[PDB]
Amino acid sequence: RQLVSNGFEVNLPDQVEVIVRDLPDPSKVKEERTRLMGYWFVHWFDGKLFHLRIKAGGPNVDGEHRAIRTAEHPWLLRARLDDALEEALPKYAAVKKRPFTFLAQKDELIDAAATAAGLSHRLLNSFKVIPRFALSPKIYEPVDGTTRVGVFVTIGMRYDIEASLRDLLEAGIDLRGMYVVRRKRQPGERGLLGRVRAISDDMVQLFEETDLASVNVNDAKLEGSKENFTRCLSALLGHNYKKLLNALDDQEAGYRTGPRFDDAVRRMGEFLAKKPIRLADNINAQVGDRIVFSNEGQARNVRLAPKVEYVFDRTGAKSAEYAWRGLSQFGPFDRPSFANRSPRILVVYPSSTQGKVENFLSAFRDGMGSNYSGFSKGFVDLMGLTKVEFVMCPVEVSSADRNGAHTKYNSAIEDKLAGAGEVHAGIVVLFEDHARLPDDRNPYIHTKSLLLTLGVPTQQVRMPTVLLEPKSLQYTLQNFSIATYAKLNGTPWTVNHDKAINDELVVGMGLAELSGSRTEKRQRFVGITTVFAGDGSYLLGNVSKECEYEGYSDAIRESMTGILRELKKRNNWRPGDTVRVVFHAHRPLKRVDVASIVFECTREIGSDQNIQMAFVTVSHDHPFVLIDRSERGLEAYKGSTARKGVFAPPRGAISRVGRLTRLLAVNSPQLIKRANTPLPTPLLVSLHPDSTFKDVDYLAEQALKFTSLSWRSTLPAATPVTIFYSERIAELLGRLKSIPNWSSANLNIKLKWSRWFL
RNA sequence: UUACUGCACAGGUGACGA
DNA sequence: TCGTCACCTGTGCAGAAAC
Ligand SMILES: [Mg+2]
């Protein structure tokens with residue numbers, strides 16, 4: 001019947017008296033806030049400074065004396081609530097403001113973990129993991145037409161390595177190449193200093209430096225990354241350290257699992273409710289009941305989307321709840337039409353790995369048999385092909401060769417392909433030690449570049465993957481097979497839709513930001529992916545080949561107008577037909593870009609048809625969480641006492657926050673990984689207010705379906721493929737732009753129907 | 001770079017206004 | 001150029017595999 005939030009109602013006065021000055025230049029605002037500090041709350045909005053007296057006595061303020069009604073203008077008290085919450089918790093110091101963020105006063109999980117695991121070390125007490133709370137005042141709509149303010153509670157963990165760098169040297173930990181940060185960030189100061197080159201004498205020598213190439217051991221500390229935590233702890237404890245991490249993980253589950261998180265939110269609400277929260281001397285807020293999403297009374301704030309159907313034929317009759325179950329029993333969506341039933345695949349690999357690579361190829365092509373039910377049949381039988389021919393391309397290269405590996409791979413490929421005729425795809429095997437070399441010598445990106453230039457898509461793989469134990473390998477080969485088939489132009493599966501309008505186009509844009517190191521300013525690139533409504537199905541369209549960030553709005557509009565022109569041509573729209581266009585991204589578009597896109601699409605389709613357009617943001621990092629108290633969870637595995645996904649809403653749960661915004665649950669108890677996996681965060685789906693198509697519940701369910709459309713994996717993706725695929729394209733193309741001899745010429749010729757970016 | 005998931009850290013950045 | 005509300009992206013480690 002209902003979903004519980006992590007937020008509480010805040011009962012506010014109906015009205016507050018304020019003084020208003022015209023203040024066309026916001027530059028004056030800082031001086032005025034300083035001058036009135038203590039007696040007035042000050043807030044600039046729409047060219048006017050608003051003044052709310054908090055404490056009696058001067059200084060004075062001129063301007064009109066207006067009443068601000070909370071139901072009408074909740075932004076004023078929402079903002080004041082940010083400062084008031086801090087003030088109301090004076091013993092809990094702010095580590096951040098707006099939203100107010102602070103640490104647990106006594107809890108420290110490393111100490112508790114160590115005691116539980118039975119471990120000890122004299123330096124453990126300088127490694128700290130402390131619960132961190134934020135209280136976010138947010139405007140929401142308990143029903144359409146009415147706004148309220150709630151306070152939303154979120155929990156994370158502060159990871160911090162307090163230890164002296166001198167102390168870490170002497171304990172035997174190699175600090176070279178570790179990132180280091182300032183101990184005391186002064187007001188506008190950046191944190192990152194650089195990487196440890198050497199420790200001189202009360203001085204750190206730095207490379208990849210952000211400012212000075214050296215600094216005192218006293219002004220620096222290791223950044224609180226998992227990399228630095230694991231590097232230190234494994235040397236100080238290893239291999240007992242893993243037991244500590246499991247122990248630490250158990251501690252954190254005491255704050256982050258459903259029932260524990262729900263209890264922490266409860267205890268926070270109780271604490272905040274105990275006293276009135278002072279907005280001004282005679283003006284009070286009271287924190288109230290937990291905010292819920294329900295269909296009680298005149299509220300209609302929760303619904304459950306139907307299960308997505310994975311579709312394996314053009315009729316719709318062949319469908320499944322899960323991708324792998326469906327693929328196994330039906331074969332792929334395009335089996336009747338798939339042109340190349342005997343693909344030739346180039347296999348490029350270090351000559352010393354020959355035996356391990358043959359074992360992997362055999363498992364891949366011919367299957368693992370019935371002892372490994374995740375991958376019994378093999379690629380050929382799975383996908384309904386006649387055979388696969390491997391063209392073996394050994395490379396004389398060692399893992400220790402960090403400067404010449406890329407040149408050897410590419411020479412071997414060129415020499416093999418010159419006397420071997422046409423290949424339809426490649427598998428490229430890489431050493432782990434080469435995987436993340438700089439792009440000027442990285443074999444992944446150089447082989448990707450050469451083969452894509454030649455029109456040959458590749459599926460690359462690292463040796464640790466090639467060596468996975470059979471129980472794990474079977475799942476790797478599922479995912480590997482799906483992407484390889486799509487790289488060969490295949491369509492593994494589609495997802496259902498019922499035709500409600502005559503045509504529908506969804507376009508997504510995704511961002512990548514590339515640099516050679518953290519020091520170097522990241523350059524932005526974009527990708528564009530298109531998806532079309534089919535009869536019973538969503539179909540993947542063509543993808544961008546140009547990736548420049550400059551002018552991305554023009555690229556969106558060109559992609560849409562050209563595609564609309566071609567869909568109209570193919571489908572021969574009748575007068576009065578409705579066409580719907582949807583845009584997906586992780587950030588909102590500018591109003592002026594929405595206007596331009598609407599104008600151009602409308603002109604292209606013309607006055608014979610009715611057009612509906614929606615612009616949608618999908619957000620992962622926001623302060624909302626959904627709790628389903630009726631969800632008991634599922635056994636963590638067959639058949640333990642532990643549970644996973646306790647209080648996790650079902651996949652496809654959609655909650656109404658406001659007119660323009662829905663919360664979408666994607667990670668159900670089934671999909672949730674382990675007993676200690678936190679209560680998931682839902683996706684926030686936001687409609688651009690200038691959209692002509694207004695149905696955000698439909699748009700949220702559509703985003704859900706598009707998570708299931710990913711051909712990178714059998715499991716669904718974290719975000720709809722319209723965005724996800726675009727980010728992969730942006731990253732690959734932006735990287736390739738810097739690689740000598742790269743050409744995009746074949747991306748719209750031999751690779752036009754290849755899903756080469758998976 | 002089989003991937004899904006989670007977390008952490010760092011960098012900042014976007015949109016709306018006047 | 002600024003106020004205001006908001007959260008994006010990259011990197012690295014570790015546990016699982018929607019029946
Ligand atoms: Mg891939």
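Below, read A as the first sequence line, B as the second, and so on, with proteins coming before strands; counting in each chain starts at 1.
- Contact check, A/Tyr322 against C/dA18: no side-chain N or O comes under 4.0 Å of OP1 or OP2.
- Taking every side-chain heavy atom of A/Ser27 into account, C/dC2 is the closest of B/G11, C/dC2, C/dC13.
- In terms of position along RNA chain B, the nucleotide closest to A/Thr465 lies nearer the 5' end than the nucleotide closest to the other residue of the pair A/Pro680 and A/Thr465.
- Here C/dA14 is the nucleotide among C/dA14, C/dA18, B/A8 with the atom lying nearest to any side-chain atom of A/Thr230.
- The shortest distance between the side-chain N/O atoms of A/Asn667 and the OP1/OP2 oxygens of B/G6 is below 4.0 Å.
- For A/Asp621, taking side-chain heavy atoms from C-beta onward, the closest of the listed nucleotides B/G11, C/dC8, B/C9 is C/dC8.
- Below the 3.5 angstrom threshold, one finds a donor paired with an acceptor across the side chain of A/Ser472 and the base of C/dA17.
- Screening A/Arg182, A/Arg518, A/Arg195 for a salt bridge (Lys or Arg N to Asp or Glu O under 4.0 Å) with A/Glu223, the sole residue that qualifies is A/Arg518.
- Across all strands shown, B/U1 forms no Watson-Crick or G-U wobble pair with both distances under 3.5 Å.
- With B/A18, B/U2, C/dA17 as the choices, the nucleotide that has an atom nearest any side-chain atom of A/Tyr475 turns out to be C/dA17.
- The rotation axes computed at either terminus of the helix from B/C4-C/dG15 to B/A18-C/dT1 lie 60° apart, taking five pairs at each end and rounding to 10 degrees.
- Nearest nucleotide to the A/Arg256 side chain, out of B/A8, C/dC5, B/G17: B/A8.
- Within 4.0 Å of A/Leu758, counting heavy atoms only, lie sugar-phosphate atoms of the nucleic acid but no base atom.
- Heavy-atom distances under 4.0 Å link DNA chain C to no residue of residues 477-487 of chain A.
- Nearest-nucleotide positions on RNA chain B for A/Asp593 and A/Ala717 put A/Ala717 closer to the 5' end.
- The shortest distance between the side-chain N/O atoms of A/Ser619 and the OP1/OP2 oxygens of C/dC8 is below 4.0 Å.
- Of the candidates C/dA18, B/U5, C/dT4, the closest approach to any side-chain atom of A/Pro716 belongs to C/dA18.
- Closest-nucleotide positions on DNA chain C for A/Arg674 and A/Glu321 were compared, and the one nearer the 5' end corresponds to A/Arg674.
- Below the 3.5 angstrom threshold, one finds no donor paired with an acceptor across the side chain of A/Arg712 and the base of B/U1.
- With hydrogens and angles left out, the side chain of A/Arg522 and the base of B/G11 share a donor-acceptor pair within 3.5 Å.
- Looking at the side chain of A/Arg524, the nearest of the listed nucleotides B/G14, C/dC5, B/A18 is B/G14.
- Checking C/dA14, C/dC19, C/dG3 against the side-chain heavy atoms of A/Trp324 singles out C/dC19 as nearest.
- Proximity note for A/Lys138 (side chain, C-beta onward) versus B/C4, C/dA6, C/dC19: the nearest is C/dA6.
- Of the candidate nucleotides C/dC13, B/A10, C/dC19, C/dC13 has the atom nearest to the side chain of A/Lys226.
- Residue A/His620 places no side-chain N or O under 4.0 Å from the OP1 or OP2 atom of B/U5.
- One finds a salt bridge joining A/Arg402 and A/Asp433 here, because a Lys/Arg side-chain nitrogen approaches an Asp/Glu carboxylate oxygen to under 4.0 Å.
- Comparing C/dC19 with B/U2, their P atoms are spaced 24 Å from each other, to the whole Å.
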